[PDB]
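# Breakdown of the fold
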Amino acid sequence: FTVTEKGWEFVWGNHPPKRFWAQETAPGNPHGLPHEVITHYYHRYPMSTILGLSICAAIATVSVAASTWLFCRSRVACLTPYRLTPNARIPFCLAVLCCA
Amino acid sequence: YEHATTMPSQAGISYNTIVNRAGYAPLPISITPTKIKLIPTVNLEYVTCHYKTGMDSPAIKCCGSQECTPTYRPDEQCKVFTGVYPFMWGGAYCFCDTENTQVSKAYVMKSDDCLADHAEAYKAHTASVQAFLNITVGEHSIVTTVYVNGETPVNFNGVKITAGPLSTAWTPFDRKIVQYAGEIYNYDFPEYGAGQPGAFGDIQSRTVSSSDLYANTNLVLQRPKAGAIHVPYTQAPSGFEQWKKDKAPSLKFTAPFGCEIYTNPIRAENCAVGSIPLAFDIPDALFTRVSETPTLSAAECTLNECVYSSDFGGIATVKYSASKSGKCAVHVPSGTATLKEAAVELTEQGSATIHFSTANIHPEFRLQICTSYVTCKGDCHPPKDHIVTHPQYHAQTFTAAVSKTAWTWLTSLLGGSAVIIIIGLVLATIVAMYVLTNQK
Ligand SMILES: *[C@@H]1O[C@H](CO)[C@@H](O)[C@H](O)[C@H]1NC(C)=O
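What the rule picks out here adds up to 15 salt bridges over all chains. The salt bridge partner of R44 of chain A is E24 of chain A, with a shortest N-O separation of 3.3 Å. One end of the pair, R44 of chain A, is in the loop between α1 (34-43) and α2 (49-83); the other, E24 of chain A, is in the loop between β2 (18-22) and α1, with 20 residues separating them in the sequence. In this structure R44 of chain A comes out as buried when scored by relative accessible area, which is 7%. Here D188 of chain B makes a salt bridge to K176 of chain B, at a shortest N to O gap of 4.0 Å. Residue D188 of chain B is found in the loop between β13 (183-185) and β14 (203-204), and its partner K176 of chain B is found in strand β12 (residues 176-180); the two are separated by twelve residues along the sequence. Look at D188 of chain B and you get exposed, because its relative accessible area is 60%.

Take a look at the structure:
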């Protein structure tokens, strides 16, 4: 049977009822490696780690993709004025930031 | 002075609170509900027990005919069977081979054991609440059976306590209940005069000693066997005994919130639902001025041991240099920890130990003492026992169980991505400004 923090009681035959309450003793270690942390906070608080971890990963991926997109756009906008010069002289930008 | 507090209605768990005044020493109030009762008002609809089919001795008329007397007894039926030839131990009863009649008559009564083995069908409504509180205010301790209706005060030593009303109107008993053998069942019994054969309430009496009886058992008379003196009959089997065969577990086994169902009177005890609002009117006599009470100075809190277990799994040691000996209403205004002791003895100089229960892996709270507000921090560890036999004394906060490592990881994932976005935005703005200024 599953016993939660709310409680759980059973009566076995003519014995008096016995009540039990759970405690937070999940497998894993929160003060450890990421896999142990995920195991501890998934055995505890389920559907609060799967949702939270997925949201965090999605936000991180969106942030990384957006940062890459702005960096590429900035590189294009800083190089094309110098890039499409017929003789293609680009000393200054490469010297100040090494974009290429 | 007036106070309005609210405490959980969990029996057997003490609840501590502190009262603070602008120019008076803080005072501790401890309330311990030993037993919380819920007593609905019940009306005895009727009483049902095993029935007994009583048959009058057959009226045998030799060489003649009889008539059916009018029906007056419960479920009573009378029938005249013609062409009978009864026999007795002496011999043939009638001398006519035919045209003899036998009147058979049957009815239903309560069993002889209805005074003891009977089930009472009640209608339950209008639940009331009663709390047996140990109340300790101003080092004054009493026990009271306070009614949790909002209207009624309880008075002691000039203090007025107005408990109630209960937060939740939920009750385990439904509208129609059945009492049998000291157990309560939620049964939708038929109304009086509406019982059905072979089911509960097939015979109904208003009271265990009542002179009335409604019977409905499909009693029908059969033809007597040839050469026999008896009254055959056919009935649906007793509805009471069938109900006992298919009772289902009582309310003491199927009630929510851990309620314990009792009888005489019909009560539900120790239901872990709702909250009791308490209204306190405390006279100023118990209050003591700040000068009278000891004043704390140079106090430091150390968590020499902490496990976030259900019970008081933490000890805090506070080093104090007080002005004088006395009593301190030690309390944590925050919900991080729950204190076993609502008051602590205080000396001129030394260390005081306080037992507290917390659900936080990394606790940090503001322990309030006579006047000081010490900041106590530390680390707690998971307990040994997977399962215990007592409810949790503390309370669980949303961020209670998040460790420092988890916090750092979350900040790196959420807080480092924002840094990368800011860096990209700054780079884009710089590039745009540079190219725009270099056009002209
Ligand atoms: C409450 O008061 C009763 C009556 O003195 C006592 O028996 C009981 O132990 C008290 N409960 C607690 C928790 O002290």
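Once the structure has been displayed, the description carries forward.
Right, let's get into unusual backbone geometry. Residues and elements named next belong to chain B. A cis amide bond links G164 to the next residue, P165, at an omega of -5°. As for its placement among the helices and strands, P165 is situated in the loop between β11 (159-163) and β12. Following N264, the chain continues into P265 via a peptide bond in cis, with omega recorded as -5°. Despite not being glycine, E99 has its phi angle at roughly 50°, a positive value. Assignment of secondary structure puts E99 in the loop between β6 (77-82) and β7 (101-110). Despite not being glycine, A248 shows a phi value in the positive range, around 75°. With respect to the element layout, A248 can be found in the loop between α1 (239-245) and α2 (251-254). The exposure class of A248 is exposed, given its relative accessible area of 53%.

What follows deals with the sheet that holds strand β22 (residues 314-321) of chain B. Within a sheet, adjacent strands bond to each other through the backbone by hydrogen bonds, running parallel or antiparallel. All names here are of chain B. Judged by pairing direction, the sheet is antiparallel, and its four strands sit side by side in the order β21-β22-β26-β24 without closing on themselves. Every other strand in the sheet has two partners, leaving β21 (300-306) and β24 (337-339) as the edge strands with one partner each. Direction aside, the axes of adjacent strands within the sheet are offset by 35° on average. Bridging between β22 and strand β26 (residues 349-358) involves eight bridges; their strand directions are antiparallel. Considered in β26, the bridge of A316 is made with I354.

Right, let's talk about the site of the ligand for a bit. Residue and element names in this part refer to chain B. Around the ligand lies a shell formed by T32, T34, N134 and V143. For the ligand, whose free accessible area comes to 360 Å², the fraction covered by protein is 27%. Of the residues assigned to the shell around the ligand, the class counts are one nonpolar, three polar and no charged.

Next up on the list: the sheet that holds β11 of chain B. Residue and element names in this part refer to chain B. Spatial ordering of the open sheet is given by β1-β20-β11-β10, a layout of four strands whose pairing is antiparallel. The open sheet terminates on both sides in strands that have one partner only, identified here as β1 (2-8) and β10 (154-156). Sheet twist, expressed as the average angle between the axes of neighbouring strands with direction ignored, equals 20°. Looking at chain direction, β10 and β11 are connected through three bridges and run antiparallel. From the neighbouring strand, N155 faces β11, where its bridge partner is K160.

This part takes up the UniProt feature "disulfide bond" in chain B. All names here are of chain B. Sulfur atoms of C63 and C96, annotated by UniProt as disulfide partners, sit 2.0 Å apart, under the 2.5 Å cut-off for a formed bond. Separated by 33 residues along the polypeptide, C63 in the loop between β5 (59-61) and β6 and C96 in the loop between β6 and β7 bring together distant segments of the chain. Sulfur atoms bridged by a disulfide sit less than 2.5 Å apart; for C68 and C78, annotated as such a bridge in UniProt, the distance of 4.0 Å is inconsistent with the bond. Position of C68 among the secondary structure elements: in the loop between β5 and β6. Along the chain, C78 turns up in strand β6.

We now examine the interface of chain B and chain A. The partner chain A presents 33 residues to the 39 residues of chain B that form the contact. Summed over both sides, the interface between chain B and chain A buries roughly 3100 Å², with carbon and sulfur atoms accounting for 63% of that surface. For the chain B face of the interface with chain A, the top three residues by lost area are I387, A401 and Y434 of chain B, together amounting to 15%. Our count for the chain B to chain A interface comes out at nine residue pairs in polar contact. Of all the secondary structure elements, the ones that give two or more residues to the side of chain B that touches chain A are α2, β29 (387-388) and α3 (404-439) of chain B. A breakdown of the residues in the side of chain B that touches chain A according to their chemical character gives 23 nonpolar, 13 polar and three charged. As paired elements, β2 of chain A and β29 of chain B share two bridges and run antiparallel to each other. Within β29 of chain B, the residue paired with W21 of chain A across the bridge is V388 of chain B.

Right, let's get into the nonpolar core. All names here are of chain B. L339, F356, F365 and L367 are the most contacted members of the largest nonpolar core, which totals 26 residues. Looking at this core, the elements with two or more residues in it are β21, β22, β24, β25 (344-346), β26, β27 (364-368) and β28 (373-377). Discounting chain neighbours no more than four positions away, the residues touching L339 are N16, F312, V330, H331, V332, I354, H355, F356 and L367. In terms of nonpolar packing, the next biggest core, distinct from the first, is built from 25 residues, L27, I161, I276 and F287 among them.

Residue and element names in this part refer to chain B. Pairing of β1 with strand β20 (residues 275-281) involves seven bridges; the strand directions are antiparallel. Of the residues in β20, the one forming a bridge with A4 is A279. Pairing geometry for β11 and β20, over four bridges, is antiparallel. Residue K160 lies in a different strand from β20, and its bridge partner there is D281.

Cut-offs applied
- Residues numbered from 1 in each chain as written, not as in the entry; some residues may be left out.
- Chains lettered and ligands numbered in written order.
- Part of a larger assembly, values for the part shown.
- Heavy atoms only, no water.
- Salt bridge = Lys/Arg side-chain N within 4 Å of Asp/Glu carboxyl O.
- Helix = DSSP H or I, 4+ residues; strand = E, 2+ residues; numbered from the N terminus.
- Buried < 20%, exposed > 50% of the residue type's maximum accessible area, 1.4 Å probe, protein only.
- Pairing = 2+ DSSP bridges.
- Axes fitted to C-alpha atoms, helices over the stretch in contact; angles between N-to-C directions.
- Near = heavy atom within 4 Å.
- Areas by Shrake-Rupley, 256 points an atom, 1.4 Å probe, with all protein chains shown as cover.
- Nonpolar A, V, L, I, M, F, W, Y, C, P; charged D, E, K, R; others polar.
- Disulfide = S-S within 2.5 Å.
- UniProt positions renumbered as here; feature names shortened; annotations may be inferred.
- Contact = heavy atoms within 4.5 Å.
- Buried area = accessible area lost by both parts, 1.4 Å probe.
- Polar contact = N/O pair within 3.5 Å; in protein donor to acceptor, adjacent residues only side chain to side chain.
- Core = buried A, V, L, I, M, F, W, Y, C linked by side-chain atoms within 4.5 Å.

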